[PDB]
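Participant: Have a look at the structure that comes next, please.
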Amino acid sequence: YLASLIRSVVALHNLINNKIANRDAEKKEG
Amino acid sequence: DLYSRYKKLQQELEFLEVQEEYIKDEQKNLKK
Amino acid sequence: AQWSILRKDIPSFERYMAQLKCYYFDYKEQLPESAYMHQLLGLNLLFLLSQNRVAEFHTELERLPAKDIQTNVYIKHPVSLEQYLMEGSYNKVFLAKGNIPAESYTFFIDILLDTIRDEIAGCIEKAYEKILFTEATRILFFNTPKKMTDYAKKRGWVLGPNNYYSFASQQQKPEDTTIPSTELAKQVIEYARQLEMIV
Amino acid sequence: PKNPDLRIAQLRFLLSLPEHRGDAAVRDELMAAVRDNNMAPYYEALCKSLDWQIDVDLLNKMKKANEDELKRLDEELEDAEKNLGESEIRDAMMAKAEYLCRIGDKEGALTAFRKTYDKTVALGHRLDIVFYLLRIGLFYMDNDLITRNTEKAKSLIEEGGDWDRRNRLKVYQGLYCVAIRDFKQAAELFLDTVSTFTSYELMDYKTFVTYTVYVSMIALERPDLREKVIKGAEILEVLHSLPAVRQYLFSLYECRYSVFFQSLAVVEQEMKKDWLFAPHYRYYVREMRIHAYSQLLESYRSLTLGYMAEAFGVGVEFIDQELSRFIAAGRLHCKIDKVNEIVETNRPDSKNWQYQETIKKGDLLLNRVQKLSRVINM
Amino acid sequence: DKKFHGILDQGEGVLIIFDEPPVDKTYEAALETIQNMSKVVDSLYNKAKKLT
Amino acid sequence: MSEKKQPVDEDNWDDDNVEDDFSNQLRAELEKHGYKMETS
Amino acid sequence: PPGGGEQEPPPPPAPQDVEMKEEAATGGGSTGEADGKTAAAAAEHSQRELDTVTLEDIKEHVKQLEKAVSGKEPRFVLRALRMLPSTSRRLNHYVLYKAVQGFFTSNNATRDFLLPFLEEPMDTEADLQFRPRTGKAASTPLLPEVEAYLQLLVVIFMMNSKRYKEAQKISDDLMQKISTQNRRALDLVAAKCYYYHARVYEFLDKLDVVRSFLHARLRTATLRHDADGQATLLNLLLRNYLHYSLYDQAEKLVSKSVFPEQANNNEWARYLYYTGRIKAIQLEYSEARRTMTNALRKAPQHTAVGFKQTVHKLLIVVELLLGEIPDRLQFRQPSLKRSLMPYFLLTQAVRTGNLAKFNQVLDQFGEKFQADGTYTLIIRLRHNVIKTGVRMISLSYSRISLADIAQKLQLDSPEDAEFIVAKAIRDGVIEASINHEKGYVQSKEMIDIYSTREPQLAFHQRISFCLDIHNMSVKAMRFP
């Protein structure tokens with residue numbers, strides 16, 4: 001519960017930080 | 001065109017299987 | 001179908017009944033009502049209860065809108081029968097055997113009661129060691145029958161000094177349960193494998 | 001006007017809903033109703049009570065007189081005297097609405113309160129109007145007004161003045177006892193019992209002590225209940241006045257269970273005479289009956305229910321049926337028995353308790369990141 | 001009142017004395033992190049809700 | 001987000017756990033539950 | 001005209017302007033993302049499709065006179081769009097014809113010209129390169145055309161429009177789906193056309209005609225690869241075969257196509273509803289109620305939606321087929337008032353040992369039970385009338401005399417109390433056992449559920465799921 005959960009949430013934090021920074025550079029190209 | 005497109009997809013597919021291989025290999029060897 | 005149940009034939013009775021059911025599987029069904037249908041289904045509904053297809057029993061009952069409750073004792077007889085198998089009511093099955101609106105349903109009910117007797121047997125074939133002949137009358141059935149000779153020759157249960165002997169059906173349970181040591185050591189390995197190896 | 005007013009709302013309940021109880025409430029309400037000029041609310045109350053009597057038109061012209069006598073005051077005032085805000089127009093027109101809260105219905109009073117609320121600038125006059133809305137929402141138990149203005153009292157007012165909020169602390173948990181919140185929020189801020197005089201803002205004292213001692217033995221069993229209510233001394237003064245309430249306390253704490261039921265029998269029947277009463281009585285007793293069982297099964301692990309037949313009350317089959325209903329309820333963690341007649345208990349260990357909490361909270365967060373992973377990635 | 005670590009029996013009239021487990025700390029520190037991790041998923045829940 | 005699976009569509013405020021437990025067991029709880037003692 | 005007619009000019013033009021620029025930017029955006037970066041699952045495809053379920057059904061119902069949806073057909077009657085000048089010619093025509101329909105009156109669709117609004121919009125050089133445009137702008141004019149509901153020579157306007165649109169879909173399915181995969185669009189297009197073609201076959205005769213074609217679309221599905229195509233068609237193919245009250249369920253028991261394997265939280269939700277309906281009727285109760293529980297907690301994000309009222313209705317029945325019952329009506333709705341009163345008063349009688357009240361419920365509320373598709377409860381819930389208390393007793397007591405349990409279960413005979421408890425343990429209600437010597441029904445062993453390897457099993461389940469989220473997240477997060 002302490003190692004598998006917390007490592008997943010950190011990688012889940014890297015989801016949203018990627019997908020926000022992906023499309024906000026995409027929609028602001030032009 | 002219908003045959004020439006088919007081989008060009010194979011050659012690229014063989015290539016970018018090699019490039020994903022050693023980058024996965026290099027990233028392992030880079031951690032040391 | 002009437003000839004199939006009269007001649008005591010198991011695979012052929014369901015063979016003709018399926019094609020009969022395929023003919024009530026008619027897509028364009030104008031089809032004025034052949035008055036033998038409801039007891040024909042009741043033959044199949046009682047037969048398929050008898051071979052312990054209870055999951056197929058209730059999924060067949062979908063096709064009747066109001067004949068289950070309003071009328072039609074031919075279909076009302078197995079579903080009242082199956083209701084009696086539910087709660088605790090073994091004996092009402094064996095008492096309401098002697099009431100059939102149709103022909104006697106004899107090739108269905110004798111296999112039907114025999115697959116009730118082994119459940120009473122499989123309850124009483126446990127490691128609970130000894131009972132007497134009056135428990136055979138209560139639990140199994142039948143004050144002095146040929147059936148006590150039947151279970152004497154088929155099974156044990158021999159009447160000794162006014163006592164039946166049922167042997168211990170008890171298991172031995174050889175357990176260590178640390179013997180999941182290889183598979184538990186295996187189970188740890190794919191943990192660290194799936195953490196690593198994708199680099 | 002509003003200050004001794006809440007006893008009337010007790011006699012509105014007590015006369016009406018127990019239909020057998022129609023003897024003594026009307027004896028000291030009707031003589032109080034011909035007093036105090038109470039004219040608008042009692043028409044429906046006279047329907048459920050004895051049908052009619054002609055004092056209606058007597059005080060109708062008398063309620064019209066004092067309506068008109070002060071209406072002509074503040075209309076001449078606003079046409080001659082030219083101050084605003086908290087002026088003489090203010091305190092005359094709040095005297096009209098306080099004439100309405102004492103005499104009329106709520107509706108003319110509340111719209112005059114909203115008429116005069118935006119004419120104020122001082123928070124002290126604002127909060128005294130919010131005192132009036134909270135009390136008239138407590139008259140007619142209307143749960144819509146009281147939820148709003150308490151937030152107005154917290155957020156919009158009481159970042160300013162001070163120690164007119166303890167008057168409404170007793171009103172925050174007056175809401176919680178008329179709600180089903182008989183558990184912790186009531187007993188937590190009832191615990192400051194240093195408010196004595198039976199005022200409008202402190203509606204009674206001795207019954208307030210009985211309110212905070214009934215609700216107190218559900219919030220906590222022994223995380224030092226005995227310091228806050230038993231080693232407490234200012235509470236111990238006035239329960240020395242009431243012998244039955246004190247006996248109800250010390251029977252439970254000093255483990256006298258047979259006299260505890262006789263005390264609890266009086267409490268439930270005495271609870272019947274209350275107007276915030278509907279959440280209590282079917283829930284209060286059954287929570288305390290299972291409260292006494294749980295600590296009694298503690299310190300034993302091989303109890304016999306024949307020992308419940310005299311140390312506890314009587315009724316061998318009565319303990320048997322009531323434990324059976326409570327074990328099947330998912331509470332009262334023990335295992336009743338037949339012919340051995342031994343009430344064996346089973347309580348979990350540390351590890352058997354901790355493993356259950358982690359598997360409940362584990363599947364909660366697992367389900368929580370199930371759904372979150374499906375919202376992302378299309 | 002927790003002055004003593006034992007238990008009684010009515011069916012035996014017999015007092016039994018046992019001890020207490022002090023090893024609660026690891027599971028106790030475990031499930032408090034789940035209360036923390038429940039709030040950070042709620043923090044990422046409305047972060048994805050506020051903007052996709 | 002329809003699924004086209006729609007086509008048809010303290011008084012009792014927090015009571016239903018306590019109500020599913022007991023409903024009508026002579027809720028006055030005194031005339032038998034406290035009046036055992038004349039039978040014993 | 002002075003009351004409502006002066007507020008008639010404001011409703012066309014702003015839905016003519018900014019609602020038009022929705023699919024203008026989306027259909028432009030979906031096309032270029034079909035051209036480059038063709039894996040556009042993380043794009044505006046989904047939420048626009050979430051809009052076409054929600055928004056455009058409530059954005060417009062009629063075909064929107066003064067040329068908002070009645071103008072769409074003179075708007076897209078003339079679309080060449082074939083070469084880069086032919087697009088830039090029509091991009092000038094996107095400026096021109098929308099301005100004319102915003103200013104003046106084009107061809108006004110007075111609910112009757114729908115087949116010349118299917119030929120000539122499809123004619124005048126309309127492309128199969130813009131097959132999402134033809135796919136969307138044929139499926140979206142179903143919705144003014146069905147929801148008029150006048151049904152006077154409009155059933156064939158439905159019928160021709162679907163067969164036109166699906167022949168365009170077939171022409172995609174055989175000819176050059178070059179990096180496009182319109183199945184993402186054309187799944188719900190195949191659904192929305194056949195929700196109402198099912199409704200057409202509700203007003204008239206049976207809908208096995210749909211199912212033979214729906215096998216054929218599922219035959220051409222699952223062969224290419226499954227990207228929601230097998231998922232959407234499977235719930236559709238299951239629904240009529242469940243809607244028919246014939247035998248009908250062994251066809252689904254042999255239906256070994258159980259895997260969509262990912263369904264965007266919404267197909268998988270109601271898929272678990274229909275297979276829970278199946279496993280409940282063939283007496284697999286314990287597996288049914290836990291996947292009904294999984295279906296209930298999977299899509300609650302709705303507003304009094306009615307199928308949530310349906311899955312909540314079945315799940316309390318199957319747990320009354322297992323003895324236990326939770327609180328149910330604590331989330332009362334504007335529509336749950338009708339559905340709480342039978343079932344709460346039902347389980348009121350189930351928990352008691354009363355039967356004359358229970359039959360009074362059946363005579364009172366049989367019509368609703370027959371309306372809900374749950375005839376079968378009376379033959380199966382009378383079983384658990386005796387099985388509720390014997391589970392309750394075996395949970396409460398520990399070692400009961402079978403002589404005493406007969407009066408407690410009001411069984412009126414001590415001798416068959418062996419038989420019910422035999423039925424309970426053989427079917428596995430309680431793990432207790434009978435001493436057939438002096439009346440004992442003794443319970444289990446002492447609780448040993450920490451030092452007997454059982455905490456490792458649950459701990460392995462939570463490893464195998466949580467780090468599986470981790471690996472699925474890392475692959476899904478980095479596209480660039």
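Going through the structure tokens in order, the chains are called A, B, and so on, while each chain numbers its residues from 1 and the ligands are numbered from 1 in the order shown.
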So that I can check the surroundings of segment 21-27 of chain E, please list as a PyMOL selection string every protein, DNA and RNA residue that reaches within 9 Å of it, counting only C-alpha atoms and ignoring chain neighbours fewer than 2 positions away.

Facilitator: (chain D and resi 349-351+354-355+358) or (chain E and resi 19+29-32)

Participant: Which of chain A counts as helix (DSSP H, G or I) under DSSP, as a ChimeraX atom specification please?

Facilitator: /A:4-26

Participant: Excluding residue 39 of chain F and any residue of its chain fewer than 6 positions from it, enumerate the residues within 10 Å of it, using only C-alpha atoms, and give them as a PyMOL selection string.

Facilitator: (chain D and resi 314-315) or (chain F and resi 32)

Participant: What lies within 8 Å of residue 5 of chain F using only C-alpha atoms, ignoring chain neighbours under 3 positions off, as a PDB file with N, CA and C atoms, in the first residue's frame?

Facilitator:
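New file selection.pdb:
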ATOM      1  N   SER F   2     -26.925  10.565 -22.325  1.00  0.00           N
ATOM      2  CA  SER F   2     -27.932   9.518 -22.295  1.00  0.00           C
ATOM      3  C   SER F   2     -27.373   8.230 -22.877  1.00  0.00           C
TER       4      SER F   2
ATOM      5  N   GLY G 306     -32.629   7.526 -14.940  1.00  0.00           N
ATOM      6  CA  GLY G 306     -33.638   6.526 -15.175  1.00  0.00           C
ATOM      7  C   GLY G 306     -33.106   5.121 -15.372  1.00  0.00           C
ATOM      8  N   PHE G 307     -31.987   4.951 -16.079  1.00  0.00           N
ATOM      9  CA  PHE G 307     -31.392   3.625 -16.084  1.00  0.00           C
ATOM     10  C   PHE G 307     -30.611   3.361 -14.815  1.00  0.00           C
TER      11      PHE G 307
END

Participant: Give me, as CSV, the closest atom pair and its distance (Å, one decimal) for every residue of chain G within a cut-off of 7 Å of chain F, counting only C-alpha atoms, rows sorted by chain and rising number.

Facilitator:
residue,atom,partner,partner_atom,distance
G:50,CA,F:1,CA,7.0
G:53,CA,F:1,CA,6.3
G:54,CA,F:1,CA,5.9
G:305,CA,F:6,CA,6.2
G:306,CA,F:9,CA,4.2
G:307,CA,F:6,CA,5.1
G:327,CA,F:16,CA,6.4
G:335,CA,F:9,CA,6.3

Participant: Residues of the last selection are to be written out with N, CA, C and O atoms, as a PDB file, in the first residue's frame.

Facilitator:
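Produced file again-v7.pdb, reproduced below:
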ATOM      1  N   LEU G  50     -19.414  13.617 -27.553  1.00  0.00           N
ATOM      2  CA  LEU G  50     -20.174  13.840 -26.326  1.00  0.00           C
ATOM      3  C   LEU G  50     -21.155  14.997 -26.492  1.00  0.00           C
ATOM      4  O   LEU G  50     -22.215  15.019 -25.855  1.00  0.00           O
ATOM      5  N   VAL G  53     -24.298  13.708 -28.669  1.00  0.00           N
ATOM      6  CA  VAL G  53     -25.266  13.047 -27.799  1.00  0.00           C
ATOM      7  C   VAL G  53     -26.081  14.086 -27.036  1.00  0.00           C
ATOM      8  O   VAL G  53     -27.313  14.012 -26.962  1.00  0.00           O
ATOM      9  N   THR G  54     -25.402  15.080 -26.471  1.00  0.00           N
ATOM     10  CA  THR G  54     -26.034  15.981 -25.517  1.00  0.00           C
ATOM     11  C   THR G  54     -26.441  17.319 -26.128  1.00  0.00           C
ATOM     12  O   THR G  54     -27.616  17.689 -26.068  1.00  0.00           O
ATOM     13  N   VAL G 305     -31.361   9.831 -14.106  1.00  0.00           N
ATOM     14  CA  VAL G 305     -31.271   9.493 -15.518  1.00  0.00           C
ATOM     15  C   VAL G 305     -32.206   8.346 -15.899  1.00  0.00           C
ATOM     16  O   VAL G 305     -32.587   8.215 -17.068  1.00  0.00           O
ATOM     17  N   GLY G 306     -32.629   7.526 -14.940  1.00  0.00           N
ATOM     18  CA  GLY G 306     -33.638   6.526 -15.175  1.00  0.00           C
ATOM     19  C   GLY G 306     -33.106   5.121 -15.372  1.00  0.00           C
ATOM     20  O   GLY G 306     -33.726   4.169 -14.890  1.00  0.00           O
ATOM     21  N   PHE G 307     -31.987   4.951 -16.079  1.00  0.00           N
ATOM     22  CA  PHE G 307     -31.392   3.625 -16.084  1.00  0.00           C
ATOM     23  C   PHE G 307     -30.611   3.361 -14.815  1.00  0.00           C
ATOM     24  O   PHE G 307     -30.445   2.198 -14.434  1.00  0.00           O
ATOM     25  N   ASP G 327     -29.605  -0.042   2.858  1.00  0.00           N
ATOM     26  CA  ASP G 327     -30.409   1.151   2.632  1.00  0.00           C
ATOM     27  C   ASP G 327     -30.403   1.474   1.142  1.00  0.00           C
ATOM     28  O   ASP G 327     -29.358   1.401   0.488  1.00  0.00           O
ATOM     29  N   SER G 335     -38.075  11.191  -9.646  1.00  0.00           N
ATOM     30  CA  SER G 335     -38.679  10.011 -10.245  1.00  0.00           C
ATOM     31  C   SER G 335     -38.584   8.760  -9.378  1.00  0.00           C
ATOM     32  O   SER G 335     -39.342   7.812  -9.608  1.00  0.00           O
TER      33      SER G 335
END

Participant: Counting only C-alpha atoms, which residues from chain G have an atom at most 9 Å from any atom of chain C, and could you show them as a VMD selection string?

Facilitator: chain G and resid 244 to 250 281 to 284 375 to 376 379 to 380 382 to 387 415 to 417 419 to 423 426 435 to 436 452 to 453 460 463 to 464 467 to 468 471

Participant: Please report as a PyMOL selection string which residues of chain F come no farther than 9 Å from chain D, using only C-alpha atoms.

Facilitator: chain F and resi 10-11+13-15+18+21-22+27-30+33-34+36-37+39-40

Participant: What's the 12 Å shell around residue 37 of chain E, counting only C-alpha atoms, without same-chain residues fewer than 2 positions away, as number ranges by chain?

Facilitator: A: 1-2, 5-10; D: 361-362, 364-366, 368-369; E: 30-35, 39-44
